[PDB]
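One structure below.
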Amino acid sequence: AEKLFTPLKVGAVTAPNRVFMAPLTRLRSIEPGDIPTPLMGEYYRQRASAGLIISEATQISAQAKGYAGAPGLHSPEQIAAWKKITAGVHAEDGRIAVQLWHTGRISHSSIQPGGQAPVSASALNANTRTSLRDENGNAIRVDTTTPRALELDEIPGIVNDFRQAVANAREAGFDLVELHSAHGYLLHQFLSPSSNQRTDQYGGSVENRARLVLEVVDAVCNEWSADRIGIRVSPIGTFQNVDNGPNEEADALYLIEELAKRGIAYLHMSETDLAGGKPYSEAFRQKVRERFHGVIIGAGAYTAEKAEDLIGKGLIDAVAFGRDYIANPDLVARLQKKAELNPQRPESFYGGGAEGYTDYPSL
Ligand SMILES: Cc1cc2nc3c(=O)[nH]c(=O)nc-3n(C[C@H](O)[C@H](O)[C@H](O)COP(=O)(O)O)c2cc1C
Ligand SMILES: O=[N+]([O-])c1cc([N+](=O)[O-])c(O)c([N+](=O)[O-])c1
């Protein structure tokens, strides 16, 4: 069609096209153990024609767990299972990044270590729901538990958990890592004034609110290499009840300038929540583009036409598609041929088994 099907260097790897698979929580891991499965391996292998696969959000630690059925990357059994998944993608000549998260306050005590309260920047309930499993293994929605504020002396341990999870990602065969700094999860809970009322060096000013994420970026670049690190941000608008405060544009540009200093592989911008939000102006896209010198990935209700427009204008380099990738394993070939897409079945986005997961056909 036009530029979507052309190669792009993304840090240490080269994508053959600009059609990426966005990170998508599907809640099909084995419990106990939060272990990836052969069925997950098949799902990712089906999608290996993507320019880059970004995995579902994956826990850096047991404390990081927010949803029943989300996988981890902290135990030996998890590492071994992910190695099989990455090897399947590579057998199909694909590339895969792991999205690493800590859910912070979007969690429930029943899935935390010891059954205790989850942690956050401050002791404020998320006022949302998470997904648990019932006695028959089926996904159910439950109100989030009020968190405890992290003590200052606990912050280095959070940094260390990200560091260790990146070392584990490298062993598991991932090509890149994506830090989950978006959507109201732990790193975003520190970034946003709505969720961060701290009076130490980790709250107040934008420099203090960004301190934790930038300590994490520095630690993971040191552990592996900057050209292996990406980050997902959602810095404009409201996401899962977390807004970006009264100075969101200036605060976003500060963060992006700081990330640029580290020479990381990519910046992945989640532009809108699933419930919608105001579109990015071209002027703001230009301000982002002049501050970041790696790859920029756009996401959020994109069409191929919008992607072509913005790639052609030189404002973004690639697009991540979420729900179209759930339903279309061969999305690249379908967009290239202008073929129809399979219809989406949202009732099977979370939990369950093969149905609504590996049963969407290729052309
Ligand atoms: C079922 C589902 C699960 C999601 N899980 C994640 C997640 O693990 N990590 C993340 O950063 N975003 C997650 N998202 C957001 C998607 O990555 C994506 O930004 C969003 O679906 C909008 O893009 P789309 O219109 O192309 O689907 C999820 C979205 C859906 C629909
Ligand atoms: O539905 N989900 O399970 C879901 C999960 C995650 N995540 O990282 O755990 C997200 O970032 C989003 N999201 O950003 O929209 C959705």
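All residue names refer to the structure tokens as shown: chains lettered A, B, ... in order, residues numbered from 1 in each chain, ligands numbered from 1 in order.
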Test item: residues lying within 10 Å of ligand 1 with only C-alpha atoms and all ligand atoms, as a ChimeraX atom specification
/A:20-27,54-58,70,99-101,178-185,231-234,268-276,298-303,319-326,346-351
Would you mind listing what lies within 7 Å of range 123-139 of chain A as JSON, numbers by chain, with only C-alpha atoms counted and same-chain residues fewer than 5 positions away left out?
{"A": [66, 67, 68, 105, 106, 107, 144, 145, 146, 147, 148, 149, 195, 350, 351, 352]}
Now that the selection is made, can you save its residues with C-alpha atoms as a PDB file, in the first residue's frame?
```
ATOM      1  CA  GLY A  66      -2.766  -7.401  39.557  1.00  0.00           C
ATOM      2  CA  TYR A  67      -4.964  -9.859  37.547  1.00  0.00           C
ATOM      3  CA  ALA A  68      -5.432 -13.655  37.930  1.00  0.00           C
ATOM      4  CA  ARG A 105      -2.801  -0.366  43.343  1.00  0.00           C
ATOM      5  CA  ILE A 106      -4.736  -2.065  40.441  1.00  0.00           C
ATOM      6  CA  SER A 107      -4.821  -5.332  42.364  1.00  0.00           C
ATOM      7  CA  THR A 144      -9.624  -3.114  43.784  1.00  0.00           C
ATOM      8  CA  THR A 145      -8.164  -3.243  47.322  1.00  0.00           C
ATOM      9  CA  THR A 146      -6.942  -0.018  48.957  1.00  0.00           C
ATOM     10  CA  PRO A 147      -3.119   0.073  48.719  1.00  0.00           C
ATOM     11  CA  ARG A 148      -0.421   0.984  51.219  1.00  0.00           C
ATOM     12  CA  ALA A 149       2.077   3.693  50.290  1.00  0.00           C
ATOM     13  CA  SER A 195      -2.392   9.215  42.442  1.00  0.00           C
ATOM     14  CA  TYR A 350     -10.110 -12.379  28.877  1.00  0.00           C
ATOM     15  CA  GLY A 351      -9.717 -15.850  30.332  1.00  0.00           C
ATOM     16  CA  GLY A 352     -10.923 -19.178  28.973  1.00  0.00           C
TER      17      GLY A 352
END
```
In Å, how far is it from CA of residue 257 in chain A to CA of residue 189 in chain A?
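Between CA of residue 257 in chain A and CA of residue 189 in chain A the gap is 20.0 Å.
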Considering only alpha helix (DSSP H) as DSSP defines it on the backbone, what residues of range 60-190 of chain A qualify? List them as a ChimeraX atom specification.
/A:76-91,155-171,186-190
If I take atom 10 (C, counted along the ligand's line) of ligand 2 and CA of residue 103 in chain A, how far is one from the other in Å, to one decimal?
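We find that atom 10 (C, counted along the ligand's line) of ligand 2 and CA of residue 103 in chain A lie 9.2 Å from each other.
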Atomic distance CA of residue 263 in chain A - CA of residue 297 in chain A, expressed in Å with one decimal
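Answer for the CA of residue 263 in chain A to CA of residue 297 in chain A separation: 15.6 Å.
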For residue 266 in chain A, list every protein, DNA or RNA residue within 7 Å, evaluated using only C-alpha atoms, and leave out those in the same chain fewer than 5 positions away; present the list as a PyMOL selection string.
chain A and resi 10+230-231+294-296
A:199, A:239, A:53, A:45: which is nearest ligand 2, counting only C-alpha atoms and all ligand atoms?
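Smallest separation from ligand 2 among the options: A:239.
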Contact residues around residue 48 in chain A with only C-alpha atoms at 9 Å, ignoring same-chain residues under 4 positions, as a ChimeraX atom specification
/A:44,52-53,88-90,92-96,329-330
Could those selected residues go to a file with N, CA, C and O atoms, as a short mmCIF file (atom, residue, chain, number, x, y, z; two decimals), in the first residue's frame?
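Ended up saving to out.cif:
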```
data_model
loop_
_atom_site.label_atom_id
_atom_site.label_comp_id
_atom_site.auth_asym_id
_atom_site.auth_seq_id
_atom_site.Cartn_x
_atom_site.Cartn_y
_atom_site.Cartn_z
N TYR A 44 1.04 -16.66 19.90
CA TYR A 44 2.09 -15.74 19.45
C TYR A 44 2.70 -16.19 18.12
O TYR A 44 2.98 -15.37 17.24
N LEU A 52 6.81 -6.35 14.79
CA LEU A 52 7.27 -6.62 16.17
C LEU A 52 6.01 -7.05 16.94
O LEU A 52 4.97 -6.38 16.84
N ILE A 53 6.13 -8.15 17.69
CA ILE A 53 5.12 -8.51 18.71
C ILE A 53 5.53 -7.88 20.03
O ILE A 53 6.69 -8.07 20.44
N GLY A 88 9.42 -20.20 19.42
CA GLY A 88 8.42 -20.39 18.38
C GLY A 88 8.27 -19.20 17.45
O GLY A 88 8.10 -19.32 16.24
N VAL A 89 8.29 -17.96 18.06
CA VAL A 89 8.24 -16.76 17.25
C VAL A 89 9.49 -16.68 16.31
O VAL A 89 9.37 -16.37 15.12
N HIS A 90 10.66 -16.96 16.89
CA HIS A 90 11.89 -16.89 16.09
C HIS A 90 11.93 -17.95 14.99
O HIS A 90 12.48 -17.71 13.91
N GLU A 92 9.55 -18.77 13.18
CA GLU A 92 8.78 -18.16 12.11
C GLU A 92 9.35 -16.88 11.63
O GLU A 92 8.69 -16.16 10.85
N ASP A 93 10.60 -16.54 12.01
CA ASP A 93 11.30 -15.36 11.58
C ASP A 93 10.67 -14.06 12.10
O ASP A 93 10.77 -13.02 11.46
N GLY A 94 10.03 -14.15 13.30
CA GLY A 94 9.46 -12.98 13.94
C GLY A 94 10.39 -12.37 15.00
O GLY A 94 11.49 -12.85 15.24
N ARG A 95 9.89 -11.29 15.64
CA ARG A 95 10.58 -10.59 16.72
C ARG A 95 9.56 -10.34 17.84
O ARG A 95 8.40 -10.01 17.55
N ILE A 96 10.00 -10.48 19.09
CA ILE A 96 9.07 -10.32 20.22
C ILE A 96 9.77 -9.56 21.37
O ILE A 96 10.89 -9.88 21.80
N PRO A 329 -4.69 -13.06 12.87
CA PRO A 329 -3.25 -13.44 13.11
C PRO A 329 -2.33 -12.92 12.02
O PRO A 329 -1.18 -12.53 12.29
N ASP A 330 -2.86 -12.92 10.80
CA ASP A 330 -2.19 -12.45 9.58
C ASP A 330 -2.63 -11.05 9.21
O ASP A 330 -2.82 -10.72 8.03
#
```
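Note that DSSP on the backbone gives strand (DSSP E or B) to these residues of range 298-335 of chain A: residues 298, 299, 318, 319, 320 and 321 of chain A.
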Let's have the selection written as a PDB file, in the first residue's frame, with C-alpha atoms.
```
ATOM      1  CA  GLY A 298       1.557   5.229  17.922  1.00  0.00           C
ATOM      2  CA  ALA A 299      -1.393   3.308  19.285  1.00  0.00           C
ATOM      3  CA  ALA A 318       5.182   2.439  13.358  1.00  0.00           C
ATOM      4  CA  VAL A 319       1.694   1.624  14.621  1.00  0.00           C
ATOM      5  CA  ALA A 320       0.648  -0.928  17.206  1.00  0.00           C
ATOM      6  CA  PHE A 321      -2.752  -2.577  16.616  1.00  0.00           C
TER       7      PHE A 321
END
```
Which residue gives the smallest distance to ligand 2 among A:7, A:114, A:33, A:104, with only C-alpha atoms and all ligand atoms counted?
A:104
Contacts of range 337-342 of chain A within 12 Å, only C-alpha atoms, excl. fewer than 3 positions in-chain, as an NGL selection string:
:A and (1-2 or 5 or 304-305 or 323-334 or 345 or 356 or 359-363)
Could you check which of A:241, A:43, A:228, A:210 is closest to ligand 2, using only C-alpha atoms and all ligand atoms?
A:241
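With only C-alpha atoms as the atoms that count, the residue of A:83, A:211, A:102, A:163 with the shortest distance to residue 225 in chain A is A:163.
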The residue from A:252, A:288, A:85, A:186 with the smallest atom-to-atom distance to ligand 2, counting only C-alpha atoms and all ligand atoms, is A:186
Non-local contacts of residue 292 in chain A (8 Å; only C-alpha atoms; under 6 positions in same chain excluded) as an MDAnalysis selection string:
chainID A and resid 256:257 259:260 267
